[PDB]
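Structure first, then comments.
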Amino acid sequence: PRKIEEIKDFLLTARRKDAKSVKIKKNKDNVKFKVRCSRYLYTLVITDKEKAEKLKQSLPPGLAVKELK
Amino acid sequence: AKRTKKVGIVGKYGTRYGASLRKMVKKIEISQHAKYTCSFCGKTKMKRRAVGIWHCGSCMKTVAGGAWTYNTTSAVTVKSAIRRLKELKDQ
Amino acid sequence: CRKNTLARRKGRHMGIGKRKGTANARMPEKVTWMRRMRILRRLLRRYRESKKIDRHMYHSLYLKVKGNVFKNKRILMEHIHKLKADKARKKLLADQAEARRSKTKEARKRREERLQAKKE
Amino acid sequence: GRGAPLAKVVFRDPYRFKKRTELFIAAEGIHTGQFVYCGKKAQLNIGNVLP
Amino acid sequence: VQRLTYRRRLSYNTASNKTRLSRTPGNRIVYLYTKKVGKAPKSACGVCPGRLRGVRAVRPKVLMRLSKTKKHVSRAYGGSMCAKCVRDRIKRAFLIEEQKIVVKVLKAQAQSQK
RNA sequence: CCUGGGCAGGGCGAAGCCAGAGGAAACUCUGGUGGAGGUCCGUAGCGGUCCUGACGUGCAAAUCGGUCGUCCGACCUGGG
RNA sequence: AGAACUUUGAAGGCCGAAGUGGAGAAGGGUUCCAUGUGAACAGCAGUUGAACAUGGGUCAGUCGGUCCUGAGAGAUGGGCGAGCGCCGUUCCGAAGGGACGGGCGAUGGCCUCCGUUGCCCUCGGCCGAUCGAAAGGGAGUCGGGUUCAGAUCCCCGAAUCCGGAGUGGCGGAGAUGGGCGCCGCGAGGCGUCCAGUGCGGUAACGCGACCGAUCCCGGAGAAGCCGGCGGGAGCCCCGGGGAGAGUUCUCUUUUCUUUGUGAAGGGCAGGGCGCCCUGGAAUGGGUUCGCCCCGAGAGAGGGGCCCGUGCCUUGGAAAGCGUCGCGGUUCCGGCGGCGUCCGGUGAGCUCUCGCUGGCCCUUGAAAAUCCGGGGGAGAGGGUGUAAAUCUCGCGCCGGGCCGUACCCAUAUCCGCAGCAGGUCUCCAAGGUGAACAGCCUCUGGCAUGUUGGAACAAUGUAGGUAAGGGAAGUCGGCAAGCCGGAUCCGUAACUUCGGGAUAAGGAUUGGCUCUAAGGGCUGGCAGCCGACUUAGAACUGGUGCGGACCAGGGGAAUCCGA
Ligand SMILES: [Mg+2]
Ligand SMILES: [Mg+2]
Ligand SMILES: [Mg+2]
Ligand SMILES: [Mg+2]
Ligand SMILES: [Mg+2]
Ligand SMILES: [Mg+2]
Ligand SMILES: [Mg+2]
Ligand SMILES: [Mg+2]
Ligand SMILES: [Mg+2]
Ligand SMILES: [Mg+2]
Ligand SMILES: [Mg+2]
Ligand SMILES: [Mg+2]
Ligand SMILES: [Mg+2]
Ligand SMILES: [Mg+2]
Ligand SMILES: [Mg+2]
Ligand SMILES: [Mg+2]
Ligand SMILES: [Mg+2]
Ligand SMILES: [Mg+2]
Ligand SMILES: [Mg+2]
Ligand SMILES: [Mg+2]
Ligand SMILES: [Mg+2]
Ligand SMILES: [Mg+2]
Ligand SMILES: [Mg+2]
Ligand SMILES: [Mg+2]
Ligand SMILES: [Mg+2]
Ligand SMILES: [Mg+2]
Ligand SMILES: [Mg+2]
Ligand SMILES: [Mg+2]
Ligand SMILES: [Mg+2]
Ligand SMILES: [Mg+2]
Ligand SMILES: [Mg+2]
Ligand SMILES: [Mg+2]
Ligand SMILES: [Mg+2]
Ligand SMILES: [Mg+2]
Ligand SMILES: [Mg+2]
Ligand SMILES: [Mg+2]
Ligand SMILES: [Mg+2]
Ligand SMILES: [Mg+2]
Ligand SMILES: [Mg+2]
Ligand SMILES: [Mg+2]
Ligand SMILES: [Mg+2]
Ligand SMILES: [Mg+2]
Ligand SMILES: [Mg+2]
Ligand SMILES: [Mg+2]
Ligand SMILES: [Mg+2]
Ligand SMILES: [Mg+2]
Ligand SMILES: [Mg+2]
Ligand SMILES: [Mg+2]
Ligand SMILES: [Mg+2]
Ligand SMILES: [Zn+2]
């Protein structure tokens with residue numbers, strides 16, 4: 001399970017093909033993005049809900065999106 | 001204090017095994033457990049390994065020595081005789 | 001057992017007649033020695049770090065604590081007070097004697113300079 | 001099982017580019033780092049095996 | 001105080017069946033096995049004992065996975081010599097070469113005188 | 001023979017070391033530290049002394065109960 | 001139909017963590033599980049069972065076999081033998097069918113150029129085929145859930161290893177620099193020449209990668225037993241908080257239960273270092289429980305490496321657990337809220353890591369595998385354009401065969417049997433206590449060991465007392481009983497001077513109030529915070545104090561054997 005810090009590298013990794021799933025999990029103090037590409041789970045943790053909303057707005061459309069509770 | 005008067009190192013055996021045997025084991029157990037002065041590094045850290053093998057803690061230089069002391073007097077005699085017959089007329 | 005153990009911490013149920021192992025089995029001699037001498041051999045460091053005792057007398061009291069001379073921290077501190085109060089008196093008296101010697105050697109060298117100026 | 005200490009003396013092999021390792025009986029008074037000289041006209045000291 | 005058991009079908013406390021114990025996320029004390037400790041490669045040829053520094057110390061077949069930095073030191077004679085041997089052997093080789101030059105030119109001057 | 005496994009606590013206190021006292025020297029005395037032993041009481045384990053105890057067409061074609069010896073070892077033990 | 005035995009409830013008990021518990025190796029072979037029967041078998045009975053009958057159940061690249069050698073066993077070569085054969089494991093043997101490059105030749109594909117095959121040259125100890133361990137060596141998986149019976153195998157989710165990839169999947173290194181001359185204000189371009197098989201730190205060494213063949217060197221694999229000591233974990237203990245349960249005759253901010261973060265990756269503690277630099281020390285100094293160390297470089301200061309099983313992060317709260325409710329008959333790993341905290345102490349236990357020491361006429365396994373280094377035959381773009389290569393970051397494909405149920409035993413094994421016998425290991429709580437001693441509880445099992453009821457004769461078998469005397473009994477102090485723990489005193493004869501020795505002999509030991517001593521952390525000698533031990537004093541109990549359990553009779557002598 002690997003952790004990404006930049007939005008840029010995360011987004012490039014998300015468009016890097018044979019990544020089939022993105023989970024989105026909301027929390028009390030942060031929000032996390034799960035990318036299940038292959039051999040790994042790429043977690044992006046971020047605390048700003050506005051940045052998360054604009055990132056999910058600019059998220060690529062063909063990739064699957066699932067919200068967790 | 002001085003805890004024993006005669007037996008010295010051999011007191012670990014106790015009242016058994018015999019007087020003269022303890023008397024003759026004393027004089028060579030002190031020799032095999034004594035630290036010796038290394039002739040190479042000049043420290044006093046020689047220690048006996050398994051029988052015949054002597055080892056110094058500095059410089060790791062391992063010397064084949066006597067079975068209970070560092071040098072047999074017969075062996076020192078042989079080394080002096082060997083150097084004498086060496087420089088005797090060059091063979 | 002909590003009530004009984006609080007009574008133990010008071011110091012009850014612990015006479016002669018409710019011991020069954022030896023004293024060396026209950027609280028061992030080697031354990032007493034380890035605790036006692038780690039305490040006394042770090043108090044000397046807490047002095048030596050600051051200035052309570054100099055480098056030379058540190059080693060003498062280190063050997064004298066390794067030998068069974070001092071029982072505990074209090075009498076160790078009482079003995080360090082006595083050695084420091086002795087060293088201070090002896091260094092004061094020696095400095096006063098060196099001051100007298102400096103006065104006499106100063107006066108002799110100045111008299112030699114006076115006689116040299118009377119010559120030239 | 002042997003009372004003698006056993007020395008591990010390494011040699012250079014003059015035919016193949018390779019070091020060979022033999023097992024001599026340790027003569028009294030040798031030590032790790034003393035050179036052992038062996039052959040016909042080898043000089044005579046302790047450890048020097050010679051005809 | 002939960003008593004806990006081997007997970008494989010071993011029983012004997014061998015050197016290979018060497019274990020530790022952890023705590024599950026599912027609130028249970030489980031008994032987790034342990035790979036044996038791999039001692040580092042020690043020094044080349046007879047010097048003072050002590051393992052070679054800066055080497056990722058593992059079991060042998062682990063070394064297939066490892067990259068070519070964590071097996072050797074950047075120096076010449078990387079994962080064999082303990083660098084005190086290097087700074088001895090360089091001086092030793094150089095000084096013996098110089099003594100051989102001195103002995104050879106001494107033979108030449110002796111034959112010149114003779 | 002090889003390869004593995006196993007042995008609670010304690011009493012006795014040698015070598016080595018430290019301090020103090022004495023001595024001219026040799027060295028001696030006193031208090032600690034130290035933890036050696038085919039070492040002492042004793043657990044598991046292994047044996048089987050005594051009660052010539054129980055049983056004695058038995059629980060059993062050699063067992064049980066007390067009382068016992070030894071437990072760092074010339075120890076005990078599985079598999080090959 | 002039938003209840004002293006089946007099942008449920010309640011009550012009272014036992015096993016009491018070296019178990020009547022929870023799981024395995026060898027062995028057993030379906031006994032495992034459900035349903036049905038109770039004719040025989042279970043030594044009484046039975047609605048029951050391990051009995052009988054019907055029908056189900058054992059899922060693995062990462063658990064083990066397979067592979068390696070050990071003690072050994074065994075074949076060819078050889079020798080012996082009337083003979084099946086035996087000896088023998090390097091000995092009396094032409095015992096390698098492999099590879100590197102080169103050359104000649106052939107074949108085929110996109111005949112670009114790759115891929116085969118034949119021949120030749122060069123190189124290449126095999127201390128010998130093969131077998132031998134379900135505990136030695138041996139890469140790589142952990143968590144949650146799931147069934148009438150499975151579980152590291154099924155599912156969910158998260159990882160990892162080994163191979164393979166040829167027209168070399170995709171990126172990144174190798175990699176793009178510098179001079180000259182010209183033009184251009186300049187930014188840049190033109191042309192020529194040249195370099196470029198990586199970079200940093202004084203080191204110890206570091207980074208994402210860092211061309212390498214025959215060959216050679218080395219390391220790992222790879223070490224005994226016992227002490228000590230330090231760290232880390234788990235467990236136990238204490239103080240405070242939060243949920244639920246028990247008690248409330250009187251008191252009890254009370255008692256009990258519960259109170260979580262996998263492998264893998266990154267980072268930070270911590271510990272260890274025989275690892276470097278600066279620097280010279282004796283009035284000797286530094287440090288351990290003990291040692292030990294020092295001019296072959298101590299202290300001091302600054303750096304470096306390894307283990308990092310501890311903590312944080314990613315997994316991760318969506319799960320799991322506790323509790324409180326709400327819906328669907330069921331089918332839902334449903335639905336929703338709340339919480340899943342703080343701290344501390346330790347000669348404590350158990351495991352592990354590391355340090356150092358002791359002991360030895362004991363020196364305490366071999367090999368498959370894998371790596372590093374030394375060397376440098378070779379390979380490659382030759383310039384404005386990029387390769388030889390790659391152990392770096394990603395991506396694709398596959399991982400074959402077999403075992404996997406259950407008891408593991410006072411009822412599934414052996415003993416002619418449901419036989420106090422025998423049999424190999426792991427985990428092991430609270431109190432008392434020195435303790436895994438014996439005794440009592442808690443988790444977790446159990447019905448008293450192939451039957452029950454009534455009565456309490458003899459003899460028994462196991463146990464316990466006895467007034468006086470104390471061995472008078474008897475072959476014999478046989479048996480039983482006395483002392484027995486600890487503290488404080490005191491300890492002879494003899495002797496190999498180590499012992500004898502817990503010699504012999506005394507005293508004391510309870511409950512309850514204290515008192516004194518034994519420490520840590522903070523500040524420029526003072527303030528906060530704590531461990532369980534020792535000594536002494538008073539009061540007092542019907543002389544009673546190791547109160548049960550635990551537990552040495554002693555001396556005097558002789559013979560023999562250390
Ligand atoms: Mg002592
Ligand atoms: Mg003994
Ligand atoms: Mg005795
Ligand atoms: Mg006894
Ligand atoms: Mg016993
Ligand atoms: Mg028995
Ligand atoms: Mg017997
Ligand atoms: Mg018997
Ligand atoms: Mg009889
Ligand atoms: Mg009878
Ligand atoms: Mg004994
Ligand atoms: Mg009825
Ligand atoms: Mg019954
Ligand atoms: Mg009982
Ligand atoms: Mg059991
Ligand atoms: Mg019947
Ligand atoms: Mg039935
Ligand atoms: Mg059944
Ligand atoms: Mg049947
Ligand atoms: Mg799988
Ligand atoms: Mg395995
Ligand atoms: Mg044969
Ligand atoms: Mg033949
Ligand atoms: Mg095999
Ligand atoms: Mg194995
Ligand atoms: Mg699961
Ligand atoms: Mg099961
Ligand atoms: Mg691969
Ligand atoms: Mg520890
Ligand atoms: Mg981790
Ligand atoms: Mg602790
Ligand atoms: Mg099973
Ligand atoms: Mg039985
Ligand atoms: Mg039995
Ligand atoms: Mg255990
Ligand atoms: Mg306990
Ligand atoms: Mg206690
Ligand atoms: Mg019942
Ligand atoms: Mg039965
Ligand atoms: Mg009477
Ligand atoms: Mg009477
Ligand atoms: Mg009487
Ligand atoms: Mg008679
Ligand atoms: Mg008797
Ligand atoms: Mg009586
Ligand atoms: Mg006597
Ligand atoms: Mg006895
Ligand atoms: Mg006589
Ligand atoms: Mg005898
Ligand atoms: Zn030396």
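Here the Cβ is made from the backbone with ideal geometry for all residues, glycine too, and neighbour counts use every protein chain on show. Throughout, read-outs are computed from the coordinates displayed, never taken from laboratory work.
When we screen B:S80, B:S58, B:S74 for residues that are outside any loop (DSSP other than H, G, I, E, B), surrounded by fewer than 17 Cβ atoms within 10 Å (Cβ to Cβ) and more than 10 Å from chain D (Cβ to nearest Cβ), the only hit is B:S80.
Under the condition of being away from chain B (no Cβ under 14 Å) and among the acidic types (D, E), the residues counted in segment D:3-34 number 2.
When segment B:22-33 is filtered for residues that are surrounded by 13 or more Cβ atoms within 10 Å (Cβ to Cβ) and either in contact with a strand residue (DSSP E or B) (Cβ under 8 Å, 6 or more places away or on another chain) or without any contact (Cβ under 8 Å) to a residue 12 or more places away in the chain (or both), only B:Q32 remains. Of the candidates E:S11, E:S80, E:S22, the single residue that is more than 16 Å from ligand 1 (Cβ to nearest atom), among the hydroxyl-bearing types (S, T, Y) and within 30 Å of D:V9 (Cα to Cα) is E:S80. Where strands (runs of 3 or more DSSP E) sit wholly within chain A, those with at least 3 residues that are loosely packed, with under 11 Cβ neighbours inside 10 Å occupy A:64-68.
Against the list (1) exposed (fewer than 10 other Cβ atoms within 10 Å of the Cβ); (2) part of a helix (DSSP H, G or I), the condition E:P25 fails is (2). Restricted to segment C:8-108, the set of helices (runs of 4 or more DSSP H) holding at least 2 residues that are more than 24 Å from the chain's Cα centre (by Cα) and either closer than 30 Å to B:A1 by Cβ or more than 10 Å from RNA strand F (Cβ to nearest atom) (or both) comprises C:23-26. B:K47: within 15 Å of RNA strand F (Cβ to nearest atom) and surrounded by 10 or more Cβ atoms within 10 Å (Cβ to Cβ), yes or no? Taking the combined requirement at face value, the residue satisfies it. Any residue that is out of contact with any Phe, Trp or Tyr (no Cβ under 7 Å at 6 or more places or on another chain) and either away from every other protein chain (no Cβ under 14 Å) or within 16 Å of RNA strand F (Cβ to nearest atom) (or both) - is there at least one of those in segment E:41-49? Yes; the residues of segment E:41-49 include at least one that is out of contact with any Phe, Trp or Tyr (no Cβ under 7 Å at 6 or more places or on another chain) and either away from every other protein chain (no Cβ under 14 Å) or within 16 Å of RNA strand F (Cβ to nearest atom) (or both). Would you call B:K27 in a helix (DSSP H, G or I) and at the interface with another protein chain (Cβ under 10 Å from one of its Cβ atoms)? Answer is no for this residue.
When A:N27 is tested against the conditions (1) free of Cβ contacts under 8 Å to residues at least 24 places away in the same chain; (2) touching a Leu at 6+ places or on another chain (Cβ under 7 Å), the lone failure is (2). Among the residues of segment B:38-73, those that are within 23 Å of D:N45 (Cβ to Cβ), within 13 Å of the chain's Cα centre (by Cα) and not hydrophobic (A, V, I, L, M, F, W, C) comprise B:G52, B:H55, B:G65, B:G66, B:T69, B:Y70, B:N71, B:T72, B:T73. Within segment D:35-49, residues that are facing another protein chain (nearest Cβ under 9 Å) reach partners that are acidic (D, E) and surrounded by 11 or more Cβ atoms within 10 Å (Cβ to Cβ) with beta carbons closer than 9 Å, at six or more positions or on different chains, in the pairs D:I46/D:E28.
Does B:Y13 satisfy the condition of being more than 11 Å from chain D (Cβ to nearest Cβ) and within 26 Å of D:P5 (Cα to Cα)? So B:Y13 does not fit the description; no. Do any residues in segment B:60-72 that are within 26 Å of E:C45 (Cβ to Cβ) have Cβ atoms under 6 Å from those of residues that are assigned to a loop (DSSP other than H, G, I, E, B) and of a type in the set (V, I, T), where the two are at least six apart or on different chains, and which pairs are they? As it stands, the answer is B:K61/D:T32; B:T62/D:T32; B:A64/D:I30, since those pairs meet every condition given.
If the condition is being more than 14 Å from ligand 1 (Cβ to nearest atom), surrounded by 11 or more Cβ atoms within 10 Å (Cβ to Cβ) and within 23 Å of C:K84 (Cα to Cα), then segment C:17-44 contributes C:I39, C:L40, C:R41, C:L43, C:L44.
Against the condition under 30 Å from B:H55 (Cα atoms), touching a helix residue (DSSP H, G or I) at 6+ places or on another chain (Cβ under 7 Å) and assigned to a loop (DSSP other than H, G, I, E, B), how does E:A40 come out, does it pass? So E:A40 fails the test.
Looking at segment B:40-55, which of its residues are within 9 Å of chain D (Cβ to nearest Cβ) and within 11 Å of ligand 50 (Cβ to nearest atom)? Once the filter is applied, which keeps residues that are within 9 Å of chain D (Cβ to nearest Cβ) and within 11 Å of ligand 50 (Cβ to nearest atom), segment B:40-55 yields B:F40, B:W54. Whether a residue is surrounded by 10 or more Cβ atoms within 10 Å (Cβ to Cβ), within 14 Å of the chain's Cα centre (by Cα) and closer than 19 Å to B:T62 by Cα was assessed, and D:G29 passes this test. Taking each residue of segment B:40-51 that is free of Cβ contacts under 8 Å to residues at least 60 places away in the same chain and farther than 17 Å from D:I30 by Cα and looking for partners that are part of a strand (DSSP E or B) and more than 10 Å from ligand 50 (Cβ to nearest atom) with beta-carbon atoms closer than 8 Å, six or more apart or interchain, yields B:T44/B:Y36. Does B:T69 fit the bill of being part of a loop (DSSP other than H, G, I, E, B), in contact with a helix residue (DSSP H, G or I) (Cβ under 9 Å, 6 or more places away or on another chain) and away from ligand 1 (no atom under 16 Å from the Cβ)? Against the criterion (part of a loop (DSSP other than H, G, I, E, B), in contact with a helix residue (DSSP H, G or I) (Cβ under 9 Å, 6 or more places away or on another chain) and away from ligand 1 (no atom under 16 Å from the Cβ)), B:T69 qualifies.
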